[PDB]
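Report on one structure; see the data block that follows.
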Amino acid sequence: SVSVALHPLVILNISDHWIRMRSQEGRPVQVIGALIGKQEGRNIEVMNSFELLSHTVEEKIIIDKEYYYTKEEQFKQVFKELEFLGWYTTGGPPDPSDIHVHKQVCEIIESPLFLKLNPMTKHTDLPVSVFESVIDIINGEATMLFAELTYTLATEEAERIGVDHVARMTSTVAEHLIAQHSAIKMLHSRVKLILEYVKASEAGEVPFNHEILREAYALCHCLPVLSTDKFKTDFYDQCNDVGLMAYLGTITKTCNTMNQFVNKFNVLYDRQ
Amino acid sequence: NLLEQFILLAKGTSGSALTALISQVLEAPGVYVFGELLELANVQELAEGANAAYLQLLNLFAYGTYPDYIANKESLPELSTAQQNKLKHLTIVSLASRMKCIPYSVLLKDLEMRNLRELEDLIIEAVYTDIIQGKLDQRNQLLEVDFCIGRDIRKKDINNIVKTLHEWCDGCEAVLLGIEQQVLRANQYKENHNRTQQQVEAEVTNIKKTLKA
Amino acid sequence: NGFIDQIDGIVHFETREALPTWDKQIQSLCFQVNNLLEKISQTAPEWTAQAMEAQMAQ
Amino acid sequence: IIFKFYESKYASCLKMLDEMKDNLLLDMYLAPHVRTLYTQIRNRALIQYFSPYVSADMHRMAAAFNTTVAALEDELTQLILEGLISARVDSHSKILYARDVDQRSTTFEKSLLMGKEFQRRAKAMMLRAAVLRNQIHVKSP
Amino acid sequence: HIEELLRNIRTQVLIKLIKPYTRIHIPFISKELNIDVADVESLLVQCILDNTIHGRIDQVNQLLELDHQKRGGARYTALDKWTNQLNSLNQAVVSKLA
Amino acid sequence: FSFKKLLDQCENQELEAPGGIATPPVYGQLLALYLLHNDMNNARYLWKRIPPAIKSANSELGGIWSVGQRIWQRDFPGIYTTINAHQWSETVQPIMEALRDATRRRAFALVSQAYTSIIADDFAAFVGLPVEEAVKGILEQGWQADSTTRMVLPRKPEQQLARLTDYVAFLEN
Amino acid sequence: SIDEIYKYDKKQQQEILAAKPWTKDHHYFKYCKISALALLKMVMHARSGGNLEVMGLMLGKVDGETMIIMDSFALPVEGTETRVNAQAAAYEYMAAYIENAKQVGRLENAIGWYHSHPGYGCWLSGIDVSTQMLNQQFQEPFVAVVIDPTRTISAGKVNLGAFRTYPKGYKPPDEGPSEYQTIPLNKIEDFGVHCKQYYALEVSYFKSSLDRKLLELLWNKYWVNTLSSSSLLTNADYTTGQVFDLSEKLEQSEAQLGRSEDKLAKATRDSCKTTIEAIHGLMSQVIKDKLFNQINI
Ligand SMILES: [Zn+2]
């Protein structure tokens, strides 16, 4: 249905919330929050998140509406164009408790997103999962179910630089080239694996899967990337502009060296 | 999911029923790849018999283009309404696989169309099926393709995949080596320049010290 | 968004500048690489583990 | 005269200006400047006439200044030679086209020229330093 | 005051008319406004002079070309200033070795 | 190709080989080979420094400085006429066999952007062919002629990453 | 034991606050530890602020001589860098947000304030210095954080600074290293006058155990955004303001040459940094071209 563009700040917020709640109680607990972002048509972009206060009575947990309204009034002052989108939580697969809480959330917004983060996972992929509520009629009653959505990580130079600096934790051209040496090393180690799988399928080591060998053909056909005639005029425009800027930089540095040498010369060989 | 549904429906059928299922598969919308149907033993068994025409049709729909239904039109069975449109869509995909800026003249020639409006309508309805994604430029008469699906493959094309993936792997490795070399050279340059500066300063200090005589 | 040229007669929509388009296509190609690797890792885990533990520990 | 100059009516503004030319030449404080003002007014009209136009017809341009195309060509050449009108004359269909300077090409050209001059000056200064260090000069003897 | 009145309506109509276009036909404007070609050309000249219409007329083709594209005009100006200042700094540095 | 090596060989045999004056063979060879490379500035001085004894004895050299003036005061029909006037031994025959091709290519390159519409009669004198033979051979290159008026319209026909690192290492010292 | 820092000990904090070591030595606070989430939130807010100056408050505590910062929330105020004690304009918000946070496990008290310096480096101006003096007088302990988002994007490195001022009437001894920073001409005076009244802390960053796991799993789809992003087209307007400022600096340099200490070297240092950033913006594009547009048949 819709397309979701997640932000790493939301994931960091959820992780910090869970760590804080666990460190203050000595036992892991399930946390509840709220997501705010921008939606333009069918493109939902989750930007920020905040915490919510929930009260667990008997065996059902409820979300305090007045607290959420207070938090909405507070955050509308700072971020004006951001709007409520859905809620998040920590756990495994969706649960009846989650589908009960989703009804209370949906009482506020017509189509709220659901985000679930698994803090104790065992796979090699990000444990964030996004769901949307789809209602259905069956057996003579209405049941509301969860449909999974596919998300993509959003792009921003400031956010990317902050995330890289946080992840890493320790010449100016020997420190910029390493940030581009750790991303090519990840693309190469995937293209190599795809090539190995293709060769294994050719010589015969794994069952012949048609879908994978068709997607690999499409991937191969995708190169070169945009070699049109208009591209190799903008690219060269940029190259020549940077070349001229570099030329002027060297002229300025040579003028500085000029001045230094002339000053040092009009001391020794001065006869006036 | 349609192709596997038809394959399950064709687990044991053969003869006329298999040909009817083949025609229904070729007409069914959303099925633009027929490779798992071709791998079936009974489907491939149609060569020995009077039904080799349907096997030829399936091969044409899996690996061929619309102009190929210009020389084998007499031998092949009659093509339906939606089947011709599907073949034209697959021809568009085949053209877009090679080049990413398809001129209007090429599409008009191979797709066997006479009007610009008919061609543009066919391209638009092909885009709506999400087999290709692109934009139409009319001042320059081009179709700019940003994404296209991968059609079917033979057993003799995988060598090409290996060939064009080896080049990418080698290019990535050569870029990495160059990056490491540049880092090394820059560090060496910086170290040499500051060693020279510190040596000049040490010489000047020694001259200053010996000057006190 | 666009503008009308009345001399020959043409309405122009957005033009998709070359360099941002190049960046978008790079993003899409890398997304295809990631999805293909995930598919390979999912449809053959036992071979995928052996393949991963042949260049990381190399 | 003022109100028809303002409204871009130069066919008769100039004619009325010329009708009283031999009546201010008899003025004592204004005669020596009549030549300077009347030339300055006309040059201000020619620039104003070719200002909303990107491709003007020189026949109607010359018919609105009570002159001929042959003399208007000389006037426009003089005006273009200095930085008053950025235009080019097409003396085949007699059309005055408005030109636009390319900022990028001009920047590149002037920057390359500056670099060439700087290198020439640097070499000259190095030679000057050598001759000054060696103390080379011609004695009066 | 009638000519003053029935000239500030045509100005607003013409200003709104040229908003979506980049190249317009003068005879096409002569149809919306119940005026001749010679009147709309003069109105366009008066509007263009008093910084109200950002465009230029094309007499030989009876056109109106509106200004819509804005290339980078701040980077090249900065580069020109930098070049012109280096051209003087270099001379000032060199002249010290007299 | 091979003519540049011959040129530098005659230059060396002019400088260090002789006792001030070289043999008329190499003198005329150098004089004629300067014209092939379009170096009239050097050829004029080569003719000016020739002693007034080889000129009056080996008159054939005076013939060579009869093509040169035609290149000097640019005159293509003069070049073509004067080339086909004199003859010498097997030392300038291949020189004025590549000079012909060079001049005929220079004329073709000259009337390809300087002229946008030229009479066929003038084009024949430029290239150096009869008019009828010139027009028929023109049409292959794509230049559109126009008969009954003779107005041929000529028609126009690896370490960057290291360099950027070198610039950065210089700016930051 | 990485998450041990996340534990909040109310009694220990009360004891440390009651003791007040810092009132006996003006050079007490020397380290500033910042959480990952706090840094991300500050950078995001400063970037979203556009070319204007945005300010906010940040929560944390003190441990020994170290200033620990765990969270930050933006304030709805505008016009900073020109009004002294701007945060008071939203003081009620300070009550409303913090009292909400204490309900959801956020127990740490207010520890400092931060603001952005878009495109003119990280330091404290006169107004900022006065505000920091007021905060240190009435809200001790406290720390001032200055962020530069535009230079963070341009240089590819996080540009952040934590400063604490000296009490009025105190003379600071020596301490004149003065690491160079490019300051625009229109603001070159404010840096000169107020340069000895504050000292910068040593900034370090920390992250929890779950953040490390999520960040190493996140570097599997996030490598796309590295070599699919253009730096030249992003900060194209920054290196025009920089060139204008450099050209104006060369004016004063040449004026002095015709006769505020050796301005030519400083102008050269600025030109070198701008040109180095420009060349860095092109090296990445050359690499992308070598990887993606050279694999044809
Ligand atoms: Zn400030």
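Following the order of the structure tokens, first chain is A, next is B, and so on, with residues numbered from 1 inside each chain and ligands from 1 in the order they appear.
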>> Please find the residues of chain D near chain E - the criterion being any atom within 7 Å, counting only C-alpha atoms - and write them as a list in words.
In response: residues 52, 53, 54, 55, 56, 57, 103, 104, 107, 111, 114, 118 and 125 of chain D
Could the residues in this selection be written to a file with C-alpha atoms, as an mmCIF file, in the first residue's frame?
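Dumped to part18.cif:
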```
data_model
loop_
_atom_site.group_PDB
_atom_site.id
_atom_site.type_symbol
_atom_site.label_atom_id
_atom_site.label_comp_id
_atom_site.auth_asym_id
_atom_site.auth_seq_id
_atom_site.Cartn_x
_atom_site.Cartn_y
_atom_site.Cartn_z
ATOM 1 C CA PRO D 52 11.871 45.754 -23.760
ATOM 2 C CA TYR D 53 13.052 44.156 -27.019
ATOM 3 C CA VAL D 54 15.137 41.045 -27.588
ATOM 4 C CA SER D 55 15.000 41.333 -31.403
ATOM 5 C CA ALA D 56 14.115 44.751 -32.806
ATOM 6 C CA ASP D 57 13.448 45.797 -36.388
ATOM 7 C CA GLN D 103 28.839 34.141 -17.112
ATOM 8 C CA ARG D 104 30.578 30.757 -16.950
ATOM 9 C CA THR D 107 34.654 33.623 -15.700
ATOM 10 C CA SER D 111 40.566 33.360 -14.592
ATOM 11 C CA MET D 114 44.846 36.043 -14.647
ATOM 12 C CA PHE D 118 50.593 35.732 -12.551
ATOM 13 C CA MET D 125 60.375 38.522 -10.250
#
```
>> With only C-alpha atoms considered, list every residue of chain A at most 10 Å from chain B, as a PyMOL selection string.
In response: chain A and resi 171-178+180-182+184-185+187-192+194-199+201-202+209-211+213-228
>> List as a count of residues only the protein and nucleic acid residues lying within 10 Å of ligand 1, with only C-alpha atoms and all ligand atoms counted.
In response: 26
> Could you pull the residues within 12 Å of residue B:125, counting only C-alpha atoms, minus those fewer than 6 positions along the same chain, as an MDAnalysis selection string?
Replying inline: chainID B and resid 85:86 88:89 92 118:119 131:134
File of the preceding selection, C-alpha atoms, as a short mmCIF file (atom, residue, chain, number, x, y, z; two decimals), in the first residue's frame:
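Once written, result_39.cif looks like this:
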```cif
data_model
loop_
_atom_site.label_atom_id
_atom_site.label_comp_id
_atom_site.auth_asym_id
_atom_site.auth_seq_id
_atom_site.Cartn_x
_atom_site.Cartn_y
_atom_site.Cartn_z
CA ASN B 85 -0.57 -7.22 -26.31
CA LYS B 86 1.45 -9.38 -23.92
CA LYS B 88 4.25 -6.45 -27.45
CA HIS B 89 4.86 -5.72 -23.76
CA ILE B 92 9.23 -3.49 -25.05
CA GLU B 118 -1.38 4.06 -30.22
CA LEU B 119 2.28 3.53 -29.35
CA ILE B 131 6.93 -4.53 -15.87
CA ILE B 132 8.86 -1.39 -16.86
CA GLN B 133 9.12 2.06 -15.31
CA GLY B 134 10.01 5.13 -17.33
#
```
Who sits within 12 Å of stretch 170-180 of chain G, only C-alpha atoms, same chain under 5 positions skipped, as an mmCIF file with N, CA and C atoms, in the first residue's frame:
```cif
data_model
loop_
_atom_site.group_PDB
_atom_site.id
_atom_site.type_symbol
_atom_site.label_atom_id
_atom_site.label_comp_id
_atom_site.auth_asym_id
_atom_site.auth_seq_id
_atom_site.Cartn_x
_atom_site.Cartn_y
_atom_site.Cartn_z
ATOM 1 N N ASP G 25 37.735 25.392 42.783
ATOM 2 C CA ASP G 25 38.672 25.436 41.666
ATOM 3 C C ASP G 25 37.893 25.746 40.399
ATOM 4 N N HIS G 26 38.260 26.833 39.722
ATOM 5 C CA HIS G 26 37.536 27.266 38.532
ATOM 6 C C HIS G 26 37.813 26.388 37.320
ATOM 7 N N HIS G 27 38.840 25.544 37.376
ATOM 8 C CA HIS G 27 39.217 24.655 36.281
ATOM 9 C C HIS G 27 38.820 23.214 36.567
ATOM 10 N N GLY G 121 31.525 28.336 12.577
ATOM 11 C CA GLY G 121 32.329 27.698 13.601
ATOM 12 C C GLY G 121 31.661 27.561 14.950
ATOM 13 N N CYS G 122 32.305 26.849 15.870
ATOM 14 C CA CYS G 122 31.791 26.658 17.219
ATOM 15 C C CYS G 122 32.655 27.446 18.198
ATOM 16 N N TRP G 123 32.027 28.370 18.911
ATOM 17 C CA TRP G 123 32.659 29.209 19.926
ATOM 18 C C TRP G 123 31.537 29.928 20.666
ATOM 19 N N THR G 165 32.497 28.894 31.090
ATOM 20 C CA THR G 165 33.102 30.204 31.256
ATOM 21 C C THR G 165 33.778 30.330 32.620
ATOM 22 N N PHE G 191 34.851 37.105 18.217
ATOM 23 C CA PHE G 191 35.783 36.063 18.626
ATOM 24 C C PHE G 191 36.979 36.655 19.361
ATOM 25 N N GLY G 192 37.473 37.805 18.897
ATOM 26 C CA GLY G 192 38.674 38.373 19.487
ATOM 27 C C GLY G 192 38.474 38.841 20.917
ATOM 28 N N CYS G 195 37.574 35.592 24.181
ATOM 29 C CA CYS G 195 38.327 34.413 23.779
ATOM 30 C C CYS G 195 39.008 33.777 24.981
ATOM 31 N N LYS G 196 39.233 34.564 26.030
ATOM 32 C CA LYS G 196 39.916 34.091 27.224
ATOM 33 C C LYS G 196 38.971 33.835 28.389
ATOM 34 N N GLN G 197 37.695 34.190 28.259
ATOM 35 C CA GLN G 197 36.756 34.071 29.364
ATOM 36 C C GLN G 197 36.110 32.697 29.466
ATOM 37 N N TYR G 198 36.315 31.820 28.489
ATOM 38 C CA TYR G 198 35.756 30.479 28.540
ATOM 39 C C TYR G 198 36.800 29.480 28.070
ATOM 40 N N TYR G 199 36.698 28.260 28.579
ATOM 41 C CA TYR G 199 37.578 27.170 28.190
ATOM 42 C C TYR G 199 36.747 25.979 27.743
ATOM 43 N N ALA G 200 37.269 25.242 26.767
ATOM 44 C CA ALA G 200 36.545 24.123 26.187
ATOM 45 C C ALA G 200 36.863 22.829 26.922
ATOM 46 N N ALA G 265 48.513 34.936 5.672
ATOM 47 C CA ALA G 265 48.581 33.531 6.056
ATOM 48 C C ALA G 265 47.209 32.998 6.443
ATOM 49 N N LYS G 266 46.421 33.791 7.169
ATOM 50 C CA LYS G 266 45.086 33.346 7.553
ATOM 51 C C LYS G 266 44.170 33.224 6.339
ATOM 52 N N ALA G 267 44.259 34.174 5.405
ATOM 53 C CA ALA G 267 43.467 34.069 4.184
ATOM 54 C C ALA G 267 43.851 32.829 3.387
ATOM 55 N N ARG G 269 45.099 30.062 4.688
ATOM 56 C CA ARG G 269 44.563 28.923 5.423
ATOM 57 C C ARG G 269 43.088 28.701 5.137
ATOM 58 N N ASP G 270 42.302 29.769 5.042
ATOM 59 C CA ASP G 270 40.898 29.622 4.671
ATOM 60 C C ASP G 270 40.712 29.117 3.244
ATOM 61 N N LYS G 273 41.441 25.342 3.043
ATOM 62 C CA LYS G 273 40.362 24.515 3.569
ATOM 63 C C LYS G 273 39.181 24.440 2.611
#
```
>> Distance limit 9 Å, atoms considered: only C-alpha atoms. Which chain F residues sit that close to chain A? Return them as a ChimeraX atom specification.
In response: /F:165,167-172
>> Within 9 Å of chain B, which residues belong to chain C? Use only C-alpha atoms and report them as number ranges by chain.
In response: C: 10, 25, 28
So which residues touch residue G:234 within 10 Å, counting only C-alpha atoms, skipping near sequence neighbours fewer than 6 positions away, as a compact mmCIF listing (two decimals) with N, CA, C and O atoms, in the first residue's frame?
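Done, and the output landed in around.txt:
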```txt
# COMPACT_ATOMS: atom_id res chain seq x y z
N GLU A 156 19.91 11.60 4.63
CA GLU A 156 20.24 12.96 5.03
C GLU A 156 21.71 13.01 5.38
O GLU A 156 22.19 12.15 6.13
N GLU A 157 22.43 13.99 4.84
CA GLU A 157 23.88 14.04 5.05
C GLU A 157 24.23 14.25 6.52
O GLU A 157 25.15 13.61 7.03
N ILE G 153 28.25 18.96 7.69
CA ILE G 153 27.99 18.37 6.38
C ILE G 153 29.16 18.61 5.43
O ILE G 153 29.58 17.70 4.71
N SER G 154 29.69 19.83 5.42
CA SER G 154 30.72 20.18 4.43
C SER G 154 32.01 19.41 4.67
O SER G 154 32.58 18.84 3.74
N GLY G 281 34.86 16.75 -2.45
CA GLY G 281 33.58 16.54 -3.09
C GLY G 281 33.64 15.93 -4.48
O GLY G 281 32.65 15.34 -4.92
```
Shell of 10 Å around stretch 71-80 of chain D, only C-alpha atoms, local chain residues under 5 positions omitted, as a CSV table (one decimal) with N, CA and C atoms, in the first residue's frame:
```
chain,number,residue,atom,x,y,z
D,43,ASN,N,20.8,59.9,-26.9
D,43,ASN,CA,21.4,58.6,-26.5
D,43,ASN,C,20.6,58.0,-25.4
D,46,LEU,N,17.6,56.2,-27.3
D,46,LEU,CA,18.0,55.0,-28.0
D,46,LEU,C,18.1,53.8,-27.1
D,47,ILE,N,18.7,54.0,-25.9
D,47,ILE,CA,18.8,52.9,-24.9
D,47,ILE,C,17.4,52.5,-24.4
D,58,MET,N,15.1,47.3,-37.3
D,58,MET,CA,15.8,48.5,-37.5
D,58,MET,C,15.1,49.5,-38.4
D,59,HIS,N,14.2,49.0,-39.3
D,59,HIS,CA,13.4,50.0,-40.1
D,59,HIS,C,12.4,50.8,-39.2
D,61,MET,N,12.7,51.1,-36.0
D,61,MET,CA,13.5,51.8,-35.1
D,61,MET,C,14.0,53.1,-35.7
D,62,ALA,N,14.4,53.1,-37.0
D,62,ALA,CA,14.9,54.3,-37.6
D,62,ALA,C,13.7,55.3,-38.0
D,63,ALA,N,12.5,54.7,-38.3
D,63,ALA,CA,11.4,55.6,-38.6
D,63,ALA,C,10.8,56.2,-37.3
D,65,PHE,N,12.9,57.5,-35.0
D,65,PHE,CA,13.8,58.5,-34.6
D,65,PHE,C,14.1,59.6,-35.6
D,66,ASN,N,13.2,59.6,-36.6
D,66,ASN,CA,13.3,60.6,-37.7
D,66,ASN,C,14.7,60.6,-38.3
D,85,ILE,N,24.7,49.6,-24.9
D,85,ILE,CA,23.8,48.7,-25.4
D,85,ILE,C,24.5,47.3,-25.6
D,86,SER,N,23.9,46.3,-25.1
D,86,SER,CA,24.5,44.9,-25.3
D,86,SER,C,23.7,44.3,-26.4
D,87,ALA,N,24.1,44.7,-27.7
D,87,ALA,CA,23.3,44.3,-28.8
D,87,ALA,C,24.3,44.1,-30.0
D,88,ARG,N,23.8,43.4,-31.0
D,88,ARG,CA,24.5,43.1,-32.2
D,88,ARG,C,23.6,43.4,-33.4
D,89,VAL,N,24.2,44.1,-34.4
D,89,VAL,CA,23.5,44.4,-35.6
D,89,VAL,C,23.6,43.3,-36.6
D,90,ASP,N,22.5,42.9,-37.2
D,90,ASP,CA,22.4,42.0,-38.3
D,90,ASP,C,22.1,42.8,-39.5
D,91,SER,N,23.1,43.2,-40.3
D,91,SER,CA,22.9,44.1,-41.5
D,91,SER,C,22.7,43.2,-42.7
D,94,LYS,N,18.5,43.7,-41.5
D,94,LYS,CA,18.5,44.9,-40.6
D,94,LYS,C,17.7,44.7,-39.3
D,96,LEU,N,18.3,44.3,-35.1
D,96,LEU,CA,19.2,44.5,-33.9
D,96,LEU,C,18.8,43.5,-32.9
```
>> I need the residues in stretch 72-292 of chain G that are alpha helix (DSSP H) according to DSSP; give them as a VMD selection string.
In response: chain G and resid 91 to 101 126 to 138 149 to 155 188 to 193 209 to 218 238 to 257 263 to 292
